[PDB]
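Dropping the structure in here first, questions after.
Each residue takes its place number in the sequence, starting with 1. Basis for what follows: all heavy atoms, side chains included, without hydrogens, waters or symmetry-related copies.
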Amino acid sequence: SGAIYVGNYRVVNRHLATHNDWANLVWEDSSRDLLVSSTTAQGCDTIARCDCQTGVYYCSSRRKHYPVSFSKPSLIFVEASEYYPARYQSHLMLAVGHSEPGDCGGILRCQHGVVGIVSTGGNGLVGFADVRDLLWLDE
Ligand SMILES: COc1ccccc1CC(=O)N1C[C@@H](C(N)=O)CC12CC2
Ligand SMILES: [Zn+2]
């Protein structure tokens, strides 16, 4: 689990969105595994606007933050899971790092701010849904 709280937005994995998220929906995209809802309170996270390929992510299954090198946002084939059939997921970045299914939502960050959230993984890999291209999160 986990979310980004920037301005009056809450960014979560679409597969983990609650009823309140759907009832306060701003934007969702199944192909990216992302959903954004509106919040009453202002958040403290800032979004990175950069092309960093190194950063640090939070892994809840280890209660630890790890440094990682990650690929550029791309279209990658993701195996079938309890929440989606096998399909191509867009705007996904891959890295070598530990992950388990419930690690989804953990933040990946760089020197500039939040880069994205854990969305996929397995066998010593971890994938992150990028949010750096969503410029509207800043206003
Ligand atoms: C962090 O993901 C994993 C880690 C280890 C093993 C397997 C996974 C992948 C996984 O379980 N996925 C991929 C998600 C997606 N974005 O399609 C949907 C979801 C069920 C939760
Ligand atoms: Zn950066």
**Message:** Would you say that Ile117 contacts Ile107 through its side chain, given a criterion of any heavy-atom pair below 4.5 Å between the two side chains?
**Reply:** yes
**Request:** Hey, could you give me the OG/OH distance between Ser99 and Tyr66, rounded to the nearest 0.5 Å?
**Result:** 11.0 Å
**Request:** Kindly give the heavy-atom pair with the smallest separation between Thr54 and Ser69, and that separation in Å.
**Result:** CG2-OG, 3.9 Å
**Asked** With a 4.5 Å heavy-atom cut-off, do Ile4 and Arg109 have their side chains touching?
**Response** no
**Message:** Check this for me: does any side-chain nitrogen of one of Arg49 and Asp138 sit under 4.0 Å from a carboxylate oxygen of the other?
**Reply:** yes
**Message:** Taking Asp21 first and then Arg10, would you say they form a salt bridge - that is, a charged N and a carboxylate O separated by under 4.0 Å?
**Reply:** yes
**Asked** Taking side chain as C-beta onward, heavy atoms only, is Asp130 less than 4.5 Å from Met93?
**Response** yes
**Prompt:** Would you say the side-chain atoms of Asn24 and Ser37 include a donor-acceptor pair closer than 3.5 Å?
**Reply:** no
**Item:** Minimum side-chain heavy-atom gap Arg32-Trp27 below 4.5 Å
**Value:** yes
**Message:** Pair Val118, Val126 - check side chain to side chain contact (heavy atoms under 4.5 Å, CB included), show working.
**Reply:** CA-CA 7 Å; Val118 174; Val126 57; 4.0 Å; yes
**Message:** Return the OH to CG distance between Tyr9 and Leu134, rounded to the nearest 0.5 Å.
**Reply:** 10.5 Å
**Fill in**
Of all heavy-atom pairs linking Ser60 and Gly102, the shortest is OG-O, 3.7 Å
**Prompt:** How about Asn8 and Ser38: does a side-chain donor come under 3.5 Å of a side-chain acceptor?
**Reply:** no
**Message:** Could you tell me if the side chain of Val114 sits less than 4.5 Å from the side chain of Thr46, heavy atoms only?
**Reply:** no
**Request:** Might you point out which heavy atoms bring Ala95 and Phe70 nearest each other, and give the distance in Å?
**Result:** CB-CB, 4.1 Å
**Message:** In this structure, would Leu94 and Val78 fall into the same cluster of hydrophobic residues linked by side-chain contacts under 4.5 Å?
**Reply:** yes
**Salt-bridge present (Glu79, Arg87; N to O < 4.0 Å)** = no
**Request:** Please lay out, stage by stage, how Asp33 and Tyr84 fare under the test side chain to side chain contact (heavy atoms under 4.5 Å, CB included).
**Result:** CA-CA 9 Å; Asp33 184 41; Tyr84 298 97; 2.6 Å; yes
**Complete:** In short, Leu92 meets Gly127 closest at the heavy-atom pair CD1-C, 4.0 Å
**Message:** Assigning hydrophobic clusters by single linkage (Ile, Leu, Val, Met, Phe, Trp, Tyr; side-chain heavy-atom cutoff under 4.5 Å), is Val115 placed with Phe128?
**Reply:** yes
**Asked** Going by heavy atoms in the side chains, are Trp22 and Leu35 under 4.5 Å from each other?
**Response** yes
**Prompt:** Is it true that a side-chain atom of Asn13 and a backbone atom of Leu16 form a donor plus acceptor pair closer than 3.5 Å?
**Reply:** no
**Prompt:** If you take all heavy atoms of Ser71 and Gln53, which pair is closest and at what distance?
**Reply:** CA-NE2, 3.9 Å
**Asked** Closest approach of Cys104 and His15, non-hydrogen atoms and distance?
**Response** SG-CE1, 3.7 Å
**Asked** Shared ILVMFWY cluster between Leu135 and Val6, side chains joined below 4.5 angstrom?
**Response** no
**Message:** Run the side chain to side chain contact (heavy atoms under 4.5 Å, CB included) test on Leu137 and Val11 for me, step by step, so that the C-alpha distance in whole Å, both residues' side-chain angles and the decisive distance to 0.1 Å come before the verdict.
**Reply:** CA-CA 9 Å; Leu137 288 173; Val11 188; 4.1 Å; yes
**Asked** Is any side-chain heavy atom of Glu28 less than 4.5 Å from a side-chain heavy atom of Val36?
**Response** no
**Message:** side chain to side chain contact (heavy atoms under 4.5 Å, CB included), that's the test. Do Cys59 and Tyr57 meet it? Break it down for me.
**Reply:** CA-CA 7 Å; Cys59 175; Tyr57 80 105; 3.8 Å; yes
**Prompt:** Name the one of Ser119, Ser74, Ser30, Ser31 that satisfies side-chain hydrogen bond (donor to acceptor under 3.5 Å, both in side chains) with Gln89?
**Reply:** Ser119
**Request:** May I ask you to test the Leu108-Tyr58 pair for a side-chain heavy-atom distance under 4.5 Å?
**Result:** no
